[PDB]
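**Student:** My structure is stored as input10.cif, with mmCIF, C-alpha atoms and all ligand atoms.
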data_start
#
loop_
_atom_site.label_atom_id
_atom_site.label_comp_id
_atom_site.auth_asym_id
_atom_site.auth_seq_id
_atom_site.Cartn_x
_atom_site.Cartn_y
_atom_site.Cartn_z
CA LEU A 1 1.22 66.84 -1.78
CA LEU A 2 2.61 66.86 1.74
CA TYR A 3 6.46 67.18 1.32
CA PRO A 4 6.91 65.95 4.94
CA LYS A 5 5.19 62.69 3.98
CA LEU A 6 7.45 62.27 0.86
CA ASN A 7 10.54 62.99 3.00
CA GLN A 8 9.31 60.48 5.63
CA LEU A 9 8.92 57.91 2.88
CA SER A 10 12.59 58.57 1.94
CA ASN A 11 13.71 58.22 5.56
CA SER A 12 11.55 55.09 6.11
CA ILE A 13 12.81 53.39 2.96
CA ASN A 14 16.41 54.26 3.84
CA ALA A 15 16.12 52.89 7.38
CA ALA A 16 14.61 49.63 5.95
CA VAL A 17 17.37 49.30 3.34
CA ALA A 18 19.98 49.75 6.08
CA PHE A 19 18.27 47.06 8.22
CA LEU A 20 18.18 44.65 5.27
CA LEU A 21 21.79 45.19 4.19
CA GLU A 22 23.10 44.75 7.76
CA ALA A 23 20.95 41.59 8.23
CA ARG A 24 22.96 39.49 5.70
CA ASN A 25 24.97 36.51 7.06
CA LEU A 26 28.72 35.66 6.68
CA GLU A 27 28.62 34.77 2.92
CA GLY A 28 26.11 37.61 2.24
CA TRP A 29 22.80 35.70 2.16
CA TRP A 30 19.44 36.95 3.39
CA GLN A 31 18.06 34.20 5.66
CA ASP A 32 14.56 33.76 7.09
CA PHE A 33 11.97 31.18 8.17
CA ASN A 34 12.85 28.09 10.18
CA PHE A 35 11.77 24.44 10.29
CA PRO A 36 13.54 23.58 13.55
CA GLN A 37 15.62 20.40 13.71
CA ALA A 38 14.55 19.73 10.12
CA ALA A 39 14.74 21.83 6.91
CA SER A 40 16.27 24.69 9.01
CA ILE A 41 16.51 28.25 7.66
CA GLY A 42 15.71 29.55 4.16
CA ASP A 43 18.52 31.21 2.18
CA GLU A 44 18.33 30.72 -1.63
CA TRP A 45 14.59 31.46 -1.63
CA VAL A 46 14.71 34.34 0.81
CA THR A 47 17.68 35.92 -1.02
CA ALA A 48 16.03 35.58 -4.41
CA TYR A 49 12.84 37.21 -3.06
CA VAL A 50 14.54 40.01 -1.09
CA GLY A 51 16.86 40.78 -3.98
CA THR A 52 13.90 41.00 -6.35
CA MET A 53 12.06 43.30 -3.85
CA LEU A 54 15.12 45.57 -3.66
CA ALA A 55 15.55 45.83 -7.43
CA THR A 56 13.16 48.80 -7.43
CA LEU A 57 15.75 50.94 -5.55
CA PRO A 58 17.96 53.30 -7.66
CA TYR A 59 20.93 53.07 -5.25
CA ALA A 60 24.27 51.82 -6.45
CA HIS A 61 24.98 50.07 -3.12
CA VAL A 62 21.68 48.16 -3.41
CA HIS A 63 22.53 47.14 -7.00
CA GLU A 64 25.89 45.88 -5.62
CA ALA A 65 24.04 43.79 -3.02
CA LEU A 66 21.86 42.28 -5.80
CA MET A 67 24.97 41.48 -7.93
CA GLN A 68 26.42 39.71 -4.87
CA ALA A 69 23.11 37.85 -4.28
CA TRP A 70 23.24 36.59 -7.89
CA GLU A 71 26.88 35.47 -7.44
CA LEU A 72 25.78 33.52 -4.33
CA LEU A 73 22.91 31.89 -6.26
CA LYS A 74 25.31 30.90 -9.07
CA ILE A 75 27.56 29.09 -6.48
CA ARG A 76 24.45 26.98 -5.54
CA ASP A 77 24.97 24.77 -8.60
CA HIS A 78 24.83 21.38 -6.78
CA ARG A 79 21.42 20.24 -8.13
CA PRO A 80 21.43 18.28 -11.43
CA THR A 81 18.41 20.30 -12.75
CA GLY A 82 19.99 23.75 -12.27
CA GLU A 83 17.12 24.76 -9.97
CA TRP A 84 17.26 26.58 -6.69
CA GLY A 85 15.47 25.53 -3.52
CA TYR A 86 14.55 26.69 -0.04
CA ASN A 87 18.14 26.26 1.10
CA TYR A 88 21.15 24.00 0.27
CA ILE A 89 19.70 20.78 1.68
CA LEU A 90 16.32 21.05 -0.11
CA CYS A 91 15.60 19.84 -3.58
CA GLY A 92 14.80 22.38 -6.26
CA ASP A 93 11.43 24.07 -6.40
CA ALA A 94 9.66 26.23 -8.98
CA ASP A 95 8.94 29.11 -6.54
CA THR A 96 12.54 29.70 -5.49
CA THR A 97 13.67 29.21 -9.12
CA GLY A 98 11.15 31.77 -10.39
CA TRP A 99 12.26 34.43 -7.86
CA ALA A 100 15.93 33.68 -8.65
CA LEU A 101 15.18 34.31 -12.36
CA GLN A 102 13.54 37.66 -11.50
CA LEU A 103 16.69 38.58 -9.60
CA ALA A 104 18.82 37.46 -12.59
CA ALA A 105 16.84 39.86 -14.81
CA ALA A 106 17.49 42.78 -12.42
CA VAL A 107 21.25 42.16 -12.72
CA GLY A 108 21.29 41.61 -16.50
CA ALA A 109 21.81 37.84 -16.28
CA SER A 110 18.49 36.57 -17.79
CA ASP A 111 20.50 35.25 -20.78
CA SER A 112 23.26 33.61 -18.65
CA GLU A 113 23.91 29.87 -19.04
CA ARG A 114 22.61 29.26 -15.49
CA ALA A 115 19.42 31.27 -16.01
CA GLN A 116 18.75 29.41 -19.29
CA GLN A 117 19.26 26.05 -17.51
CA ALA A 118 16.98 27.03 -14.58
CA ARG A 119 14.24 28.34 -16.91
CA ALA A 120 14.36 25.05 -18.83
CA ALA A 121 14.02 23.18 -15.53
CA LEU A 122 10.90 25.28 -14.69
CA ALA A 123 9.23 23.88 -17.76
CA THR A 124 9.19 20.37 -16.08
CA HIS A 125 6.91 21.79 -13.38
CA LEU A 126 4.17 22.80 -15.90
CA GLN A 127 0.93 20.83 -15.25
CA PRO A 128 -1.74 19.55 -17.66
CA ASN A 129 -4.14 22.25 -16.29
CA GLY A 130 -1.65 24.97 -17.35
CA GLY A 131 -0.29 25.99 -13.92
CA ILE A 132 3.15 25.41 -12.22
CA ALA A 133 3.70 22.88 -9.42
CA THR A 134 6.19 23.72 -6.65
CA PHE A 135 7.85 20.30 -6.43
CA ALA A 136 8.62 17.26 -8.54
CA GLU A 137 7.31 14.22 -6.64
CA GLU A 138 10.50 12.09 -6.85
CA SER A 139 12.68 15.04 -5.60
CA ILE A 140 10.56 15.99 -2.57
CA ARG A 141 9.78 12.38 -1.53
CA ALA A 142 13.55 11.70 -1.62
CA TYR A 143 14.09 14.68 0.74
CA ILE A 144 11.24 13.87 3.19
CA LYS A 145 12.12 11.11 5.74
CA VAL A 146 9.02 11.10 7.99
CA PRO A 147 7.66 7.53 8.48
CA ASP A 148 3.91 8.41 8.49
CA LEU A 149 4.36 10.27 5.12
CA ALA A 150 6.29 7.36 3.41
CA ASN A 151 3.25 5.95 1.53
CA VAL A 152 1.03 9.08 1.38
CA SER A 153 0.05 11.08 -1.74
CA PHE A 154 2.27 14.13 -2.57
CA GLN A 155 -0.28 15.40 -5.14
CA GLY A 156 -0.96 18.44 -2.98
CA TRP A 157 2.68 19.59 -2.92
CA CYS A 158 3.20 18.44 -6.56
CA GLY A 159 0.02 20.02 -7.98
CA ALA A 160 -0.43 23.36 -9.71
CA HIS A 161 -0.14 26.24 -7.24
CA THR A 162 -1.60 29.64 -8.01
CA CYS A 163 0.94 31.53 -5.84
CA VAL A 164 3.90 29.97 -7.62
CA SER A 165 2.17 30.24 -11.04
CA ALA A 166 1.67 34.00 -10.46
CA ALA A 167 5.36 34.47 -9.52
CA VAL A 168 6.62 32.43 -12.53
CA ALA A 169 4.27 34.48 -14.78
CA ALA A 170 6.41 37.55 -13.85
CA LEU A 171 8.92 35.95 -16.29
CA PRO A 172 8.17 36.97 -19.90
CA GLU A 173 9.02 33.45 -21.27
CA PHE A 174 6.21 31.88 -19.14
CA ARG A 175 3.57 34.64 -18.99
CA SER A 176 1.65 33.59 -22.15
CA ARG A 177 1.75 29.84 -21.24
CA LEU A 178 0.33 30.50 -17.72
CA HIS A 179 -2.28 33.08 -18.85
CA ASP A 180 -5.35 30.84 -19.11
CA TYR A 181 -4.65 29.09 -15.78
CA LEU A 182 -4.33 32.46 -14.02
CA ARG A 183 -7.59 33.65 -15.64
CA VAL A 184 -9.71 30.57 -14.74
CA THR A 185 -8.50 30.48 -11.09
CA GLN A 186 -9.80 33.98 -10.24
CA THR A 187 -12.57 33.71 -7.60
CA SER A 188 -16.04 35.26 -7.93
CA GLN A 189 -14.94 38.07 -5.52
CA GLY A 190 -11.99 39.07 -7.80
CA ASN A 191 -9.12 37.65 -5.71
CA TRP A 192 -6.92 34.59 -6.12
CA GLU A 193 -6.05 32.12 -3.37
CA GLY A 194 -2.57 30.61 -2.97
CA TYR A 195 -1.24 27.33 -1.69
CA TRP A 196 1.66 28.10 0.70
CA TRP A 197 0.39 31.52 1.86
CA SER A 198 -2.36 32.48 4.25
CA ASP A 199 -2.68 36.04 2.85
CA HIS A 200 -4.54 36.11 -0.50
CA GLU A 201 -3.21 39.66 -1.15
CA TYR A 202 0.14 38.09 -2.12
CA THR A 203 -1.26 35.76 -4.80
CA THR A 204 -3.79 38.34 -5.95
CA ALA A 205 -1.25 41.18 -6.39
CA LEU A 206 1.22 38.91 -8.21
CA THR A 207 -1.45 37.47 -10.54
CA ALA A 208 -2.94 40.87 -11.38
CA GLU A 209 0.61 42.20 -12.00
CA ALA A 210 1.36 39.31 -14.42
CA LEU A 211 -1.91 40.01 -16.31
CA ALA A 212 -1.06 43.73 -16.39
CA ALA A 213 2.47 43.09 -17.71
CA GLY A 214 1.02 41.02 -20.61
CA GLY A 215 -0.81 44.16 -21.86
CA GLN A 216 -3.85 42.25 -23.23
CA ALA A 217 -7.05 44.36 -23.05
CA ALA A 218 -9.03 41.10 -22.50
CA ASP A 219 -7.39 40.87 -19.02
CA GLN A 220 -8.16 44.42 -17.84
CA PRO A 221 -11.64 43.58 -16.41
CA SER A 222 -10.06 40.85 -14.24
CA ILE A 223 -7.35 43.26 -13.06
CA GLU A 224 -9.97 45.89 -12.19
CA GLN A 225 -12.05 43.34 -10.21
CA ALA A 226 -8.88 42.40 -8.26
CA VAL A 227 -8.21 46.13 -7.53
CA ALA A 228 -11.85 46.47 -6.38
CA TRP A 229 -11.29 43.49 -4.05
CA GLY A 230 -8.14 45.15 -2.69
CA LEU A 231 -10.00 48.38 -2.04
CA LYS A 232 -12.56 46.32 -0.01
CA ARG A 233 -9.74 44.56 1.95
CA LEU A 234 -8.09 47.82 2.99
CA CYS A 235 -9.75 49.37 6.07
CA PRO A 236 -10.18 53.22 6.16
CA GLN A 237 -7.37 53.34 8.77
CA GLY A 238 -4.97 52.06 6.07
CA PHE A 239 -4.48 48.32 6.78
CA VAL A 240 -5.64 44.86 5.82
CA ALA A 241 -7.17 43.24 8.90
CA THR A 242 -6.69 39.49 9.40
CA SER A 243 -7.83 36.98 12.07
CA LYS A 244 -4.25 36.88 13.38
CA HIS A 245 -3.71 40.68 13.09
CA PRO A 246 -7.14 42.26 13.47
CA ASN A 247 -5.52 45.78 13.66
CA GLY A 248 -3.48 45.18 10.52
CA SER A 249 -0.97 42.79 8.88
CA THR A 250 2.15 44.60 7.55
CA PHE A 251 2.75 41.82 4.92
CA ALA A 252 -0.87 41.70 3.69
CA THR A 253 -1.09 45.53 3.64
CA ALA A 254 2.14 45.85 1.60
CA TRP A 255 0.90 43.33 -0.98
CA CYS A 256 -2.50 45.05 -1.07
CA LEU A 257 -0.73 48.39 -1.67
CA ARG A 258 1.10 46.82 -4.68
CA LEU A 259 -2.25 45.55 -5.98
CA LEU A 260 -3.77 49.04 -5.75
CA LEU A 261 -0.95 50.48 -7.92
CA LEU A 262 -2.64 48.75 -10.87
CA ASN A 263 -5.29 51.52 -11.12
CA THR A 264 -3.87 55.06 -11.31
CA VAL A 265 -7.11 56.88 -12.31
CA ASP A 266 -9.67 56.15 -9.51
CA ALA A 267 -9.64 58.71 -6.69
CA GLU A 268 -10.89 56.19 -4.07
CA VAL A 269 -7.99 53.83 -4.98
CA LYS A 270 -5.53 56.78 -4.72
CA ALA A 271 -6.88 57.72 -1.27
CA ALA A 272 -6.66 54.07 -0.09
CA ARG A 273 -2.99 53.89 -1.16
CA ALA A 274 -2.30 57.16 0.73
CA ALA A 275 -3.91 55.63 3.86
CA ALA A 276 -1.87 52.41 3.54
CA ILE A 277 1.37 54.40 3.12
CA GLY A 278 0.53 56.44 6.25
CA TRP A 279 -0.21 53.34 8.30
CA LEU A 280 2.95 51.53 7.14
CA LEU A 281 5.06 54.62 7.99
CA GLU A 282 3.55 54.70 11.53
CA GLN A 283 4.14 50.93 12.04
CA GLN A 284 7.87 50.93 11.20
CA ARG A 285 10.15 49.90 14.13
CA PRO A 286 13.09 52.05 15.26
CA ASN A 287 15.62 49.65 13.65
CA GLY A 288 13.88 50.21 10.24
CA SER A 289 12.10 46.79 10.18
CA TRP A 290 8.40 46.01 10.26
CA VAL A 291 6.78 43.38 12.52
CA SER A 292 6.98 39.88 10.99
CA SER A 293 3.75 38.78 9.34
CA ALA A 294 4.82 36.68 6.32
CA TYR A 295 2.78 33.56 7.21
CA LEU A 296 3.92 30.44 5.37
CA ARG A 297 1.72 27.40 5.82
CA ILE A 298 2.50 23.74 5.28
CA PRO A 299 -0.47 21.74 4.00
CA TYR A 300 -0.38 17.96 4.29
CA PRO A 301 1.43 16.63 1.18
CA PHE A 302 -1.81 15.04 -0.07
CA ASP A 303 -3.93 18.22 0.37
CA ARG A 304 -4.80 20.04 -2.86
CA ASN A 305 -7.13 22.45 -1.07
CA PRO A 306 -5.40 24.29 1.86
CA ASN A 307 -8.01 27.14 1.62
CA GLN A 308 -10.52 24.43 2.68
CA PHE A 309 -8.39 23.34 5.71
CA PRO A 310 -9.87 24.98 8.82
CA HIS A 311 -7.32 23.53 11.33
CA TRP A 312 -4.33 25.86 10.78
CA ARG A 313 -2.32 26.59 13.93
CA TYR A 314 0.79 28.74 14.45
CA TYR A 315 3.74 26.34 14.90
CA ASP A 316 5.42 28.53 17.57
CA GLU A 317 2.17 28.50 19.67
CA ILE A 318 1.51 24.73 19.66
CA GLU A 319 2.08 23.19 23.12
CA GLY A 320 3.60 19.67 23.26
CA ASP A 321 4.07 17.28 20.30
CA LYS A 322 3.76 19.08 16.96
CA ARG A 323 4.37 18.67 13.28
CA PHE A 324 4.79 21.08 10.39
CA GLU A 325 1.77 19.79 8.47
CA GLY A 326 -1.29 21.91 9.32
CA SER A 327 0.92 24.62 10.86
CA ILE A 328 1.96 28.16 9.97
CA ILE A 329 5.46 29.53 10.36
CA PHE A 330 6.71 33.11 9.95
CA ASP A 331 9.77 35.14 9.01
CA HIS A 332 11.42 35.28 12.48
CA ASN A 333 14.14 37.75 11.21
CA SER A 334 11.49 40.15 9.77
CA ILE A 335 13.62 40.23 6.60
CA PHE A 336 10.90 38.82 4.31
CA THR A 337 8.26 41.20 5.66
CA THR A 338 10.53 44.26 5.69
CA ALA A 339 11.67 43.68 2.07
CA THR A 340 8.02 43.38 1.03
CA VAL A 341 7.00 46.62 2.77
CA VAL A 342 9.94 48.64 1.52
CA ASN A 343 9.25 47.50 -2.07
CA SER A 344 5.58 48.53 -1.80
CA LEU A 345 6.56 52.00 -0.48
CA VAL A 346 9.13 52.62 -3.21
CA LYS A 347 6.55 51.65 -5.85
CA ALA A 348 3.68 53.64 -4.29
CA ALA A 349 5.55 56.90 -3.44
CA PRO A 350 5.37 58.44 -6.94
CA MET A 351 1.56 57.82 -7.04
CA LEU A 352 1.04 59.89 -3.83
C1 LIG B 1 10.25 28.06 -1.38
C2 LIG B 1 8.98 27.29 -0.92
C3 LIG B 1 8.23 26.39 -1.85
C4 LIG B 1 8.45 27.47 0.42
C5 LIG B 1 7.28 26.62 0.82
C6 LIG B 1 7.60 25.93 2.16
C7 LIG B 1 8.46 24.72 1.87
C8 LIG B 1 7.80 23.49 1.40
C9 LIG B 1 9.86 24.66 2.31
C10 LIG B 1 10.71 23.55 2.03
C11 LIG B 1 11.09 22.82 3.30
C12 LIG B 1 9.96 21.85 3.66
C13 LIG B 1 9.77 20.59 2.84
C14 LIG B 1 9.19 22.06 4.87
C15 LIG B 1 8.13 21.13 5.36
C16 LIG B 1 8.59 19.89 6.00
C17 LIG B 1 9.92 19.59 6.23
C18 LIG B 1 10.36 18.39 6.86
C19 LIG B 1 11.76 18.15 7.09
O1 LIG B 1 12.63 19.01 6.75
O2 LIG B 1 12.16 17.04 7.62
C20 LIG B 1 9.37 17.49 7.30
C21 LIG B 1 8.03 17.78 7.08
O3 LIG B 1 7.11 16.80 7.43
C22 LIG B 1 7.63 18.94 6.42
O4 LIG B 1 6.33 19.23 6.19
CL CL B 2 26.78 32.80 -19.01
CL CL B 3 -3.25 43.22 15.33
CL CL B 4 -7.72 25.60 -1.86
NA NA B 5 25.97 31.28 -15.86
NA NA B 6 11.30 9.78 1.66
#
With the file now loaded, output its structure as structure tokens.

**Tutor:**
Amino acid sequence: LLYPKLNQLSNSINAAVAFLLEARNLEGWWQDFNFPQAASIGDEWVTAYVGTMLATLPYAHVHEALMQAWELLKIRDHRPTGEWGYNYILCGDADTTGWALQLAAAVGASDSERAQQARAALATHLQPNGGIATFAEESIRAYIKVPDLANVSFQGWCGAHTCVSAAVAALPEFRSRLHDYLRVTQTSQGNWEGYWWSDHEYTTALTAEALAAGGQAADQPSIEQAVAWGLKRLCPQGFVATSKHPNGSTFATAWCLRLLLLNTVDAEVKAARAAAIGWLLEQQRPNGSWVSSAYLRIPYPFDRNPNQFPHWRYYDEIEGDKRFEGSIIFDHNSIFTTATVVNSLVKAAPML
């Protein structure tokens, strides 16, 4: 054990926590992502996710920040369903609501009236195939005011999503109901593929974690195949290479590192985690952030199969007329990515 590397993990985590606490807005929200001149900037979703990521820290001042985040989420009580959404002006969605319920658990509020109401609302998003859909059709059509989408199918946006199903399965009340859907959606290579995310490491880590938390021996082969996939994804240099980041995605690497925590016996897995930690420590910026790489994609509303859509472009790189559909946006504040990385390092440190 190299005590310098453990001490650098302390210093790295601390610098990231400082960045994240200072990055909150006037009311105290974490904000990230932007749909310019339209849905604008995420707050409820980003705050629920960042708060959940930070729940792994033992620090009293971090717990205080999470208690404040929950108070802010409870003030967002304007939707008749009790759900949360991307930000104030969006309708409710199952993904935001699921992350908000994970944050509620971290602050002892799983049994609160609001949490009970929001969990009940999640049940409306369950699909006949046993997964969770992000949106109710009536709610998201009401929000969207784009003429050429008026009479189009929303069955893509309102279908079962593996990414959101995996996140909701982190909630004990839903884990058993979503089990079979998560099992049957695993690919032949051992990974899962998500709807709103480019990086399969996110959906794969969350799904394997939900199967692990259920404790069923029947699920351990699936978990092990996912870990084997993660080991393949991680380069010897310590990063997951992507088309966009061929020398390593900080977001994909952090999620892969979380996936690899699910096997604590295999020496190759242990060495891969050590490599990923070293690379992440080297990539940290002086302000304690990591480079933004949380790539959120917007399929057409009618598209059930975004992993079969070869036309993705980065919204911020498109010249001239552009639309959100078929484009990828990112966490311009680096809050989403940094929270992800810092969580992965806190969880992985003790397994060095
Ligand atoms: C927490 C979740 C589920 C994140 C996934 C991304 C997501 C769907 C954000 C919600 C905001 C939204 C509808 C962005 C797309 C859009 C907006 C408009 C508009 O605001 O006018 C128009 C579009 O055509 C469009 O695709
Ligand atoms: Cl209550
Ligand atoms: Cl790169
Ligand atoms: Cl797909
Ligand atoms: Na309440
Ligand atoms: Na509409």

**Student:** For ligand LIG 1 (chain B), which residue among A:194, A:299, A:214, A:306 is the nearest when counting all atoms listed in the file?

**Tutor:**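 So, comparing all the options, the nearest one is A:299.
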
**Student:** With distances taken over all atoms listed in the file, which of A:213, A:17, A:291, A:271 is nearest to ligand CL 3 (chain B)?

**Tutor:**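 That would be A:291, the residue with the smallest distance to ligand CL 3 (chain B).
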
**Student:** Go through chain A and flag each residue having an atom no more than 7 Å from ligand LIG 1 (chain B); for those, report the closest pair of atoms plus their distance in Å to one decimal, using all atoms listed in the file, ordered by chain and rising number, as a tab-separated table.

**Tutor:**
residue	atom	partner	partner_atom	distance
A:35	CA	B:LIG1	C14	6.5
A:38	CA	B:LIG1	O1	3.9
A:39	CA	B:LIG1	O1	3.5
A:45	CA	B:LIG1	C1	5.5
A:85	CA	B:LIG1	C1	6.2
A:86	CA	B:LIG1	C1	4.7
A:90	CA	B:LIG1	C11	6.5
A:93	CA	B:LIG1	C3	6.0
A:95	CA	B:LIG1	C1	5.4
A:96	CA	B:LIG1	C1	5.0
A:134	CA	B:LIG1	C3	5.9
A:144	CA	B:LIG1	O2	5.5
A:145	CA	B:LIG1	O2	6.2
A:146	CA	B:LIG1	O3	6.0
A:196	CA	B:LIG1	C5	5.8
A:296	CA	B:LIG1	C6	6.6
A:298	CA	B:LIG1	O4	6.0
A:323	CA	B:LIG1	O3	6.7
A:324	CA	B:LIG1	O4	4.8
A:325	CA	B:LIG1	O4	5.1

**Student:** Could you give me, as a PDB file with C-alpha atoms, in the frame of the given file, every polymer residue with an atom at most 10 Å away from an atom of ligand CL 2 (chain B), counting all atoms listed in the file?

**Tutor:**
ATOM      1  CA  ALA A 109      21.810  37.840 -16.280  1.00  0.00           C
ATOM      2  CA  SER A 110      18.490  36.570 -17.790  1.00  0.00           C
ATOM      3  CA  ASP A 111      20.500  35.250 -20.780  1.00  0.00           C
ATOM      4  CA  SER A 112      23.260  33.610 -18.650  1.00  0.00           C
ATOM      5  CA  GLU A 113      23.910  29.870 -19.040  1.00  0.00           C
ATOM      6  CA  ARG A 114      22.610  29.260 -15.490  1.00  0.00           C
ATOM      7  CA  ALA A 115      19.420  31.270 -16.010  1.00  0.00           C
ATOM      8  CA  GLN A 116      18.750  29.410 -19.290  1.00  0.00           C
TER       9      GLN A 116
END

**Student:** Would you pick out the contacts of range 64-81 of chain A at 8 Å or less, using only C-alpha atoms, so that residues sharing its chain but fewer than 5 positions from it are not included, and give the list as a PDB file with C-alpha atoms, keeping the file's coordinate frame?

**Tutor:**
ATOM      1  CA  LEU A  21      21.790  45.190   4.190  1.00  0.00           C
ATOM      2  CA  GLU A  27      28.620  34.770   2.920  1.00  0.00           C
ATOM      3  CA  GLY A  28      26.110  37.610   2.240  1.00  0.00           C
ATOM      4  CA  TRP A  29      22.800  35.700   2.160  1.00  0.00           C
ATOM      5  CA  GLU A  44      18.330  30.720  -1.630  1.00  0.00           C
ATOM      6  CA  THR A  47      17.680  35.920  -1.020  1.00  0.00           C
ATOM      7  CA  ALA A  48      16.030  35.580  -4.410  1.00  0.00           C
ATOM      8  CA  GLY A  51      16.860  40.780  -3.980  1.00  0.00           C
ATOM      9  CA  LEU A  54      15.120  45.570  -3.660  1.00  0.00           C
ATOM     10  CA  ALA A  55      15.550  45.830  -7.430  1.00  0.00           C
ATOM     11  CA  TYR A  88      21.150  24.000   0.270  1.00  0.00           C
ATOM     12  CA  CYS A  91      15.600  19.840  -3.580  1.00  0.00           C
ATOM     13  CA  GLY A  92      14.800  22.380  -6.260  1.00  0.00           C
ATOM     14  CA  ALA A 100      15.930  33.680  -8.650  1.00  0.00           C
ATOM     15  CA  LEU A 103      16.690  38.580  -9.600  1.00  0.00           C
ATOM     16  CA  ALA A 104      18.820  37.460 -12.590  1.00  0.00           C
ATOM     17  CA  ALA A 106      17.490  42.780 -12.420  1.00  0.00           C
ATOM     18  CA  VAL A 107      21.250  42.160 -12.720  1.00  0.00           C
ATOM     19  CA  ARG A 114      22.610  29.260 -15.490  1.00  0.00           C
ATOM     20  CA  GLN A 117      19.260  26.050 -17.510  1.00  0.00           C
ATOM     21  CA  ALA A 118      16.980  27.030 -14.580  1.00  0.00           C
ATOM     22  CA  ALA A 121      14.020  23.180 -15.530  1.00  0.00           C
TER      23      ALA A 121
END

**Student:** Kindly provide, as a PyMOL selection string, all nucleotide and amino acid residues lying within 12 Å of ligand CL 4 (chain B), counting all atoms listed in the file.

**Tutor:** chain A and resi 156+159-163+185+187+192-198+200+299+303-310

**Student:** For the selection you just gave me, I'd like the residues written to a file as a compact mmCIF listing (two decimals), in the frame of the given file, keeping C-alpha atoms.

**Tutor:**
# COMPACT_ATOMS: atom_id res chain seq x y z
CA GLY A 156 -0.96 18.44 -2.98
CA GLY A 159 0.02 20.02 -7.98
CA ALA A 160 -0.43 23.36 -9.71
CA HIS A 161 -0.14 26.24 -7.24
CA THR A 162 -1.60 29.64 -8.01
CA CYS A 163 0.94 31.53 -5.84
CA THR A 185 -8.50 30.48 -11.09
CA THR A 187 -12.57 33.71 -7.60
CA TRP A 192 -6.92 34.59 -6.12
CA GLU A 193 -6.05 32.12 -3.37
CA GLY A 194 -2.57 30.61 -2.97
CA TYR A 195 -1.24 27.33 -1.69
CA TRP A 196 1.66 28.10 0.70
CA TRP A 197 0.39 31.52 1.86
CA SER A 198 -2.36 32.48 4.25
CA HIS A 200 -4.54 36.11 -0.50
CA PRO A 299 -0.47 21.74 4.00
CA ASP A 303 -3.93 18.22 0.37
CA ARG A 304 -4.80 20.04 -2.86
CA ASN A 305 -7.13 22.45 -1.07
CA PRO A 306 -5.40 24.29 1.86
CA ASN A 307 -8.01 27.14 1.62
CA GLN A 308 -10.52 24.43 2.68
CA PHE A 309 -8.39 23.34 5.71
CA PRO A 310 -9.87 24.98 8.82
